[PDB]
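Written out below as structure tokens is the structure these notes cover.
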Amino acid sequence: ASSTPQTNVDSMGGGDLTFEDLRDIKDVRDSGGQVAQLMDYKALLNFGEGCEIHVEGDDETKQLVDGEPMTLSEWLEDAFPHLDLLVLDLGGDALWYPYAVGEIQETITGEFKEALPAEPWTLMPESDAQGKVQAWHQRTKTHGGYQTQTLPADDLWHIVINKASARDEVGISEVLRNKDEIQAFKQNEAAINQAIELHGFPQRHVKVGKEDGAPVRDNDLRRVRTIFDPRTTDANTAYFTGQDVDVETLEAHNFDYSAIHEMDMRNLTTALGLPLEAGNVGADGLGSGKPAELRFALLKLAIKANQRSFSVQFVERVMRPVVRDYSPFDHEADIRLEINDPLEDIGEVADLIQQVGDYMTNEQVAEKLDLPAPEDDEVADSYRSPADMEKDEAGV
Amino acid sequence: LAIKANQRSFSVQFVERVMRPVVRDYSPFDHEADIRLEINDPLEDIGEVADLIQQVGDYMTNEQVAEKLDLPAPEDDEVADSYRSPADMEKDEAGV
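Order-wise, the sequence lines are chains PI and PJ. For the first sequence, the positions run 31 to 45, 54 to 434 when the entry's author numbering is used. No gaps in the numbering here: position 17 of the second sequence is 355 in the entry's author numbering, and each next residue is one more.
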């Protein structure tokens, strides 16, 4: 075949998105409310449960670091101690915006310090007909004015969750993907708000004069208004009149704002791929049996796919480069980087450990139970319980 | 049924038109070998399998139990190929 690509990648010469679009996304984030909360729930379901820096066969990496042996996973824990927060920030950003992006940062001595995320709305990529980002272009406010700069696709690193193709380096924002639905939701909210004000509350109508009788003028109504004033009326007020004065009510002219609001929530949640339950709205029939199994399966599938899509890019464009350029350890070891699943149940794990423990190693049990394995190799590698080994030894 | 049909339809084409060429042109191994590609059932429940392992484990090998449980088989061939539990082998050996 070939050592360089031969198919073209469908764009050159610029627009297909801008700092203005990116700042619109930022405005959707900082303006708050239910719309922002839903996208943050989407981030939390994918990335909020935390991570672990597992490494394959790491006892083979054992090397002196500062007069004492360490492993690559220990070195990576020194490099990335707060990784749960970085995963949530990057994961959230890569759902909100088309991508998440950051720098590599160094100590005063010049050795590696951290990988540092940048404000994603401030940066846009620049690319060729071969489909690759060659530079990152930044625009930012200072003193009420603006500054502009360009940086190489070298010391910066970036991650994309959602894509137009396997080749895609620019990615898809779900905020841009569902823009019309988001506007429609906000508009329907604005409609309901005032519709309740105008139609949800009854309003009082005083009619003065007899039908086909004498006319009544504004300077007369001003005096009548001074009597029946809702500002000074009270719960047990009573009225006394001649026959030619009437009080009437414009009733609460009822409309099903609940059904509309539920339709809004249906539209927005399903557009975002969320369950309607995450919008704090329910449904009949769906709350029972195999329909529940399917909805939660579909959410698990989405989460697992997103998580694995993230782990790969973080390992391959953040962790491995850092190890390669700044570490005594070999970068080509497999980081088994996992992100936790919030739809996994410890109760199910407990039942599983009772049901099939006789066919899982103690280390396999420890992995599933989310704990360190036994400190003695044969105790970890064996299938029967460490408590079973201990009771036999105490019997001896 | 639709999922399994689609999955097997994909697997065969990926093996025959992607994997076998990749072996042929870049590998020291035989490209006409018995390659298998499987794609997972999205509606599988571990609890269903765990119940089954308790109900019929007496008639399944330790490798078949591990494969159904989505885990590695034992590191010793007769421990993997036999039907009685590895924990049962360990407790008996420790006793004897």
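The beta carbon of each residue, even a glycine, is placed where N, CA and C say it ideally should be.
{"Item": "Counting only beta-carbon atoms, is PI:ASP396 nearer than 7 Å to chain PJ?", "Value": "yes"}
{"Item": "Run through chain PJ and tell me which residues come within less than 8 Å of PI:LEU339, C-beta to C-beta.", "Value": "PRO380"}
{"Item": "Helix, strand or coil: which one does DSSP assign to residue 48 of chain PI?", "Value": "No coordinates exist for residue 48 of chain PI; the numbering of chain PI passes from 45 to 54 with nothing in between."}
{"Item": "What does the Cβ neighbour count give for PI:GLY140, buried or exposed, with the cut at 16 atoms within 10 Å?", "Value": "buried"}
{"Item": "Between PI:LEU407 and chain PJ, is any beta-carbon pair separated by less than 7 Å?", "Value": "no"}
{"Item": "In whole angstroms, give me the CA-to-CA distance for PI:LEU310 and PI:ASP389.", "Value": "34 Å"}
{"Item": "Relative to the C-alpha of PI:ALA290, which candidate in PI:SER347, PI:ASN84 and PI:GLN241 has its C-alpha closest?", "Value": "PI:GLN241"}
{"Item": "For a quick check, are the C-beta atoms of PI:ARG355 and PI:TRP195 less than 7 Å apart?", "Value": "yes"}
{"Item": "Could one say the Cβ of PI:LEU390 lies closer than 7 Å to chain PJ's Cβ atoms, at least one of them?", "Value": "yes"}
{"Item": "My assumption, with CB atoms under 8 Å, is that PI:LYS80 sits in contact with PI:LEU133. Please give the rounded CB distance.", "Value": "6 Å"}
{"Item": "Could you tell me whether the Cβ of PI:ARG422 comes closer than 7 Å to any Cβ of chain PJ?", "Value": "yes"}
{"Item": "Going along chain PJ, which residues have a C-beta under 8 Å from residue 46 of chain PI?", "Value": "Residues lacking coordinates in chain PI include everything strictly between 45 and 54, among them residue 46 of chain PI."}
{"Item": "State buried or exposed for PI:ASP282, treating a residue as buried only when at least 16 other CB atoms are found within 10 Å of its CB.", "Value": "exposed"}
{"Item": "Step through the CB atoms of chain PJ and report whether any lies within less than 7 Å of the CB of PI:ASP430.", "Value": "yes"}
{"Item": "Drop a sphere of 10 angstroms on the beta-carbon of PI:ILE373, count the other beta-carbons inside from all chains shown, and report buried for 16 or more, exposed for fewer.", "Value": "buried"}
{"Item": "At a CB distance below 8 Å, what residues from the segment 318-345 of chain PI approach chain PJ? Give them in sequence order.", "Value": "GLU331, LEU332, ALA335 and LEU339"}
{"Item": "Note down, in chain order, each residue of its chain lying with its Cβ closer than 8 Å to the Cβ of PI:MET427, except the 5 sequence neighbours on either side.", "Value": "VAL417 and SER420"}
{"Item": "Of all the alpha helix (DSSP H) runs that stay within the bounds of the segment 96-143 of chain PI, which reach a length of 4 or more residues?", "Value": "110-117 and 121-134"}
{"Item": "PJ:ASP426 touches chain PI at which residues, Cβ-Cβ below 9 Å?", "Value": "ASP396, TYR421 and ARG422"}
{"Item": "Check this for me: beta carbons of PI:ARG177 and PI:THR186, under 7 Å apart or not?", "Value": "yes"}
{"Item": "Chain PI partners of PJ:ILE384, CB-CB under 8 Å?", "Value": "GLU386 and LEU390"}
{"Item": "What is the DSSP secondary structure of PJ:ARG422, reduced to helix, strand or coil?", "Value": "coil"}
{"Item": "Starting from PI:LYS201 and walking both ways along the alpha helix (DSSP H), at which residues does that stretch end?", "Value": "Element bounds for PI:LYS201: n/a, residue is neither H nor E."}
{"Item": "Checking 7 Å against the spacing of the C-beta atoms, do PJ:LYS406 and PI:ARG422 come in under that value?", "Value": "no"}
{"Item": "Count Cβ pairs between the segment 87-103 of chain PI and the segment 366-385 of chain PI that sit closer than 8 Å; are there 3 or more?", "Value": "yes"}
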